[PDB]
Amino acid sequence: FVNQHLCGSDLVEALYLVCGXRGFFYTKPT
Amino acid sequence: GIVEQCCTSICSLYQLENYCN
């Protein structure tokens, strides 16, 4: 993938395809 | 976090796969 920048949704949308579901860690609060 | 890592610079879906439960 070219220019693979993941900001905001692209971070969860990208992880949405990399994980295909099963939940993911697009973020990480305290 | 993975954000700036993928926002300040692009990462690789392979790495994101490491954020999938």
(message) If R₀ is 30 angstrom, what is the calculated FRET efficiency for the pair residue A:17 and residue B:3, using the beta carbon separation as r and rounding to 0.05?
(response) 0.95
(request) Between residue B:18 and residue A:3, with labels modelled 7 Å along Cα→Cβ, what's the label distance in nm to one decimal, could you check? (result) 2.6 nm
(request) In whole angstrom, note down how far apart the Cα centers of chain A and chain B are. (result) 7 Å
(request) Could you work out the Rg to Rh ratio of the protein assembly as shown, with Rh taken as the Kirkwood radius (inverse of the mean 1/r over all Cα pairs)? (result) 0.92
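Read-outs: derived from the displayed coordinates by stated rules, not from any lab. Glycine also receives a Cβ, built like all others from the backbone with ideal geometry; neighbour counts cover every protein chain displayed.
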